[PDB]
Amino acid sequence: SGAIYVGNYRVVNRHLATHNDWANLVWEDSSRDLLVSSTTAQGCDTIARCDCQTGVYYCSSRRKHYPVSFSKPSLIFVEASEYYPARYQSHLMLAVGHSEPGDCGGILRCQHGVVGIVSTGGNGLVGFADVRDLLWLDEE
Ligand SMILES: Cn1ncc(C(=O)NCCc2cocn2)n1
Ligand SMILES: [Zn+2]
């Protein structure tokens with residue numbers, strides 16, 4: 001589990017969105033595994049605006065933050081899970097690292113701010129849904 005809290009937005013994995021998220025919906029995209037809902041309180045996270053390929057992510061199944069190198073956001077074929085059939089996921093970045101299904105929502109960050117959230121995993125790989133192209137998260 002986990003979310004990004006930027007301005008009056010909450011960014012979560014679409015497959016983990018709650019009824020309150022769907023009832024206060026701003027934007028959602030199943031191909032990216034992302035959903036954004038509106039919040040009453042202002043958040044403290046800042047979004048990175050960059051092309052970094054090194055950063056740190058939080059792994060809840062280890063209670064640890066790990067430094068990683070990750071690929072640029074791409075269209076990758078991801079195997080079936082309990083939330084999606086095997087399909088192409090867009091705007092996804094891969095790294096070598098531990099993950100498990102409940103690690104989704106952990107933040108990946110670089111020197112400039114939040115880069116994305118854990119979305120996919122298996123066999124010593126972790127995949128992150130990028131948010132750096134969502135420029136509108138920084139305003140209104
Ligand atoms: C870190 N991690 N390890 C496994 C999973 C997982 O099952 N993701 C669920 C969301 C998803 C994206 O594409 C297909 N399913 N996440
Ligand atoms: Zn960066």
# chains A, B, ... in the order shown; residues from 1 in each chain; ligands from 1
$ residues_near_ligand --ligand "ligand 1" --cutoff "8 Å" --atoms "only C-alpha atoms and all ligand atoms" --output "PDB file with C-alpha atoms, in the first residue's frame"
ATOM      1  CA  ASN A  13      -2.243   2.369  -7.720  1.00  0.00           C
ATOM      2  CA  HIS A  15      -5.948  -1.510  -8.417  1.00  0.00           C
ATOM      3  CA  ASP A  33      -2.177   1.336 -13.095  1.00  0.00           C
ATOM      4  CA  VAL A  78       3.511  -7.698 -17.606  1.00  0.00           C
ATOM      5  CA  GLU A  79       2.325 -11.139 -16.502  1.00  0.00           C
ATOM      6  CA  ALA A  80      -1.105 -11.739 -15.013  1.00  0.00           C
ATOM      7  CA  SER A  81      -1.744 -10.923 -11.358  1.00  0.00           C
ATOM      8  CA  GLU A  82      -4.947 -11.029  -9.209  1.00  0.00           C
ATOM      9  CA  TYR A  83      -5.682  -7.426 -10.490  1.00  0.00           C
ATOM     10  CA  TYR A  84      -4.922  -7.503 -14.229  1.00  0.00           C
ATOM     11  CA  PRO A  85      -4.607 -10.144 -16.943  1.00  0.00           C
ATOM     12  CA  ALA A  86      -1.220 -10.410 -18.746  1.00  0.00           C
ATOM     13  CA  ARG A  87      -1.070  -7.197 -20.815  1.00  0.00           C
ATOM     14  CA  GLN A  89       1.490  -1.643 -19.122  1.00  0.00           C
ATOM     15  CA  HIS A  98      12.760  -7.220  -4.160  1.00  0.00           C
ATOM     16  CA  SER A  99       9.116  -6.787  -4.345  1.00  0.00           C
ATOM     17  CA  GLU A 100       5.833  -8.589  -3.420  1.00  0.00           C
ATOM     18  CA  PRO A 101       2.233  -7.648  -4.313  1.00  0.00           C
ATOM     19  CA  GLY A 102       1.633  -5.626  -1.125  1.00  0.00           C
ATOM     20  CA  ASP A 103       4.753  -3.485  -1.872  1.00  0.00           C
ATOM     21  CA  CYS A 104       2.622  -1.579  -4.467  1.00  0.00           C
ATOM     22  CA  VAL A 118       5.754   0.482  -7.119  1.00  0.00           C
ATOM     23  CA  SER A 119       3.229  -1.253  -9.461  1.00  0.00           C
ATOM     24  CA  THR A 120       4.693  -4.620 -10.651  1.00  0.00           C
ATOM     25  CA  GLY A 121       7.026  -7.297  -9.316  1.00  0.00           C
ATOM     26  CA  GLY A 122       8.514 -10.795  -9.433  1.00  0.00           C
ATOM     27  CA  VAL A 126      10.400  -4.292  -9.381  1.00  0.00           C
ATOM     28  CA  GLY A 127       8.395  -2.061 -11.725  1.00  0.00           C
TER      29      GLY A 127
END
$ residues_near_ligand --ligand "ligand 2" --cutoff "10 Å" --atoms "only C-alpha atoms and all ligand atoms" --output "ChimeraX atom specification"
/A:47-55,109-115,132
$ closest_residue --among "A:1, A:25, A:32, A:108" --to "residue 134 (chain A)" --atoms "only C-alpha atoms"
A:32
$ residues_around --residues "residue 7 (chain A)" --least-positions-apart "5" --cutoff "10 Å" --atoms "only C-alpha atoms" --output "list in words"
residues 38, 39, 40, 41, 42, 43, 44, 45, 46, 137, 138, 139 and 140 of chain A
$ write_last_selection --atoms "C-alpha atoms" --output "CSV table (one decimal), in the first residue's frame"
chain,number,residue,atom,x,y,z
A,38,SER,CA,-8.9,14.9,-4.6
A,39,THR,CA,-8.0,15.6,-0.9
A,40,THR,CA,-9.2,18.1,1.6
A,41,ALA,CA,-5.7,18.6,3.2
A,42,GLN,CA,-2.6,19.8,1.2
A,43,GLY,CA,0.2,17.2,0.9
A,44,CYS,CA,4.0,17.5,1.3
A,45,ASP,CA,5.4,15.4,-1.5
A,46,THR,CA,7.0,17.2,-4.5
A,137,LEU,CA,-0.2,17.5,-10.4
A,138,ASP,CA,1.8,20.7,-9.7
A,139,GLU,CA,-1.2,23.1,-10.1
A,140,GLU,CA,-4.9,23.8,-9.3
$ closest_residue --among "A:116, A:106, A:16, A:123" --to "residue 62 (chain A)" --atoms "only C-alpha atoms"
A:106
$ closest_residue --among "A:2, A:124, A:67, A:73" --to "residue 92 (chain A)" --atoms "only C-alpha atoms"
A:73
$ select_by_dssp --residues "region 13-42 of chain A" --states "strand (DSSP E or B)" --output "list in words"
residues 13, 25, 26, 27, 28, 29, 34, 35, 36, 37 and 38 of chain A
$ write_last_selection --atoms "C-alpha atoms" --output "mmCIF file, in the first residue's frame"
data_model
loop_
_atom_site.group_PDB
_atom_site.id
_atom_site.type_symbol
_atom_site.label_atom_id
_atom_site.label_comp_id
_atom_site.auth_asym_id
_atom_site.auth_seq_id
_atom_site.Cartn_x
_atom_site.Cartn_y
_atom_site.Cartn_z
ATOM 1 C CA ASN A 13 -2.243 2.369 -7.720
ATOM 2 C CA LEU A 25 -11.929 11.000 -8.796
ATOM 3 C CA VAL A 26 -9.687 13.399 -10.746
ATOM 4 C CA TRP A 27 -8.116 10.989 -13.341
ATOM 5 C CA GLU A 28 -7.502 7.278 -13.842
ATOM 6 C CA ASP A 29 -5.690 5.140 -16.418
ATOM 7 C CA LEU A 34 -2.711 4.892 -11.784
ATOM 8 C CA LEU A 35 -5.590 6.786 -10.169
ATOM 9 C CA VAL A 36 -5.673 10.282 -8.712
ATOM 10 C CA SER A 37 -8.317 11.539 -6.264
ATOM 11 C CA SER A 38 -8.853 14.924 -4.612
#
$ atom_distance --atom1 "CA of residue 23 (chain A)" --atom2 "CA of residue 105 (chain A)"
19.9 Å
$ select_by_dssp --residues "region 5-107 of chain A" --states "helix (DSSP H, G or I)" --output "PyMOL selection string"
chain A and resi 14-16+19-23+101-103
$ residues_around --residues "residue 95 (chain A)" --least-positions-apart "2" --cutoff "9 Å" --atoms "only C-alpha atoms" --output "PDB file with N, CA, C and O atoms, in the first residue's frame"
ATOM      1  N   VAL A  68      18.475   2.137  -6.410  1.00  0.00           N
ATOM      2  CA  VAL A  68      18.322   1.364  -7.665  1.00  0.00           C
ATOM      3  C   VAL A  68      18.629   2.210  -8.872  1.00  0.00           C
ATOM      4  O   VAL A  68      18.423   3.409  -8.913  1.00  0.00           O
ATOM      5  N   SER A  69      19.036   1.502  -9.961  1.00  0.00           N
ATOM      6  CA  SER A  69      19.055   2.018 -11.335  1.00  0.00           C
ATOM      7  C   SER A  69      17.807   1.496 -12.020  1.00  0.00           C
ATOM      8  O   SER A  69      17.420   0.340 -11.801  1.00  0.00           O
ATOM      9  N   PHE A  70      17.123   2.344 -12.771  1.00  0.00           N
ATOM     10  CA  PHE A  70      15.865   1.943 -13.391  1.00  0.00           C
ATOM     11  C   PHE A  70      15.788   2.393 -14.824  1.00  0.00           C
ATOM     12  O   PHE A  70      16.443   3.357 -15.228  1.00  0.00           O
ATOM     13  N   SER A  71      15.000   1.670 -15.620  1.00  0.00           N
ATOM     14  CA  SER A  71      14.869   1.991 -17.046  1.00  0.00           C
ATOM     15  C   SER A  71      13.987   3.226 -17.300  1.00  0.00           C
ATOM     16  O   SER A  71      13.276   3.685 -16.391  1.00  0.00           O
ATOM     17  N   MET A  93       8.682   1.588 -15.498  1.00  0.00           N
ATOM     18  CA  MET A  93      10.158   1.559 -15.400  1.00  0.00           C
ATOM     19  C   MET A  93      10.551   0.330 -14.594  1.00  0.00           C
ATOM     20  O   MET A  93       9.931   0.074 -13.555  1.00  0.00           O
ATOM     21  N   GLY A  97      15.286  -5.518  -7.925  1.00  0.00           N
ATOM     22  CA  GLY A  97      15.002  -5.348  -6.502  1.00  0.00           C
ATOM     23  C   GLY A  97      13.868  -6.230  -6.080  1.00  0.00           C
ATOM     24  O   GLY A  97      13.150  -6.798  -6.872  1.00  0.00           O
ATOM     25  N   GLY A 124      13.075 -10.956  -8.578  1.00  0.00           N
ATOM     26  CA  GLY A 124      14.160 -10.035  -8.385  1.00  0.00           C
ATOM     27  C   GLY A 124      13.985  -8.796  -9.236  1.00  0.00           C
ATOM     28  O   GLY A 124      14.913  -8.028  -9.212  1.00  0.00           O
ATOM     29  N   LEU A 125      12.776  -8.559  -9.878  1.00  0.00           N
ATOM     30  CA  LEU A 125      12.492  -7.269 -10.576  1.00  0.00           C
ATOM     31  C   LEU A 125      11.383  -6.494  -9.848  1.00  0.00           C
ATOM     32  O   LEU A 125      10.437  -7.112  -9.269  1.00  0.00           O
ATOM     33  N   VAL A 126      11.465  -5.167  -9.900  1.00  0.00           N
ATOM     34  CA  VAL A 126      10.400  -4.292  -9.381  1.00  0.00           C
ATOM     35  C   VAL A 126      10.086  -3.313 -10.508  1.00  0.00           C
ATOM     36  O   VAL A 126      11.000  -2.778 -11.142  1.00  0.00           O
ATOM     37  N   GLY A 127       8.811  -3.033 -10.729  1.00  0.00           N
ATOM     38  CA  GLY A 127       8.395  -2.061 -11.725  1.00  0.00           C
ATOM     39  C   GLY A 127       7.647  -0.903 -11.094  1.00  0.00           C
ATOM     40  O   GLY A 127       6.871  -1.094 -10.126  1.00  0.00           O
ATOM     41  N   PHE A 128       7.928   0.282 -11.594  1.00  0.00           N
ATOM     42  CA  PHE A 128       7.351   1.538 -11.071  1.00  0.00           C
ATOM     43  C   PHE A 128       6.552   2.265 -12.118  1.00  0.00           C
ATOM     44  O   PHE A 128       7.021   2.422 -13.264  1.00  0.00           O
TER      45      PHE A 128
END
$ closest_residue --among "A:63, A:14, A:91, A:19" --to "residue 76 (chain A)" --atoms "only C-alpha atoms"
A:91
$ closest_residue --among "A:96, A:8, A:77, A:72" --to "residue 133 (chain A)" --atoms "only C-alpha atoms"
A:72
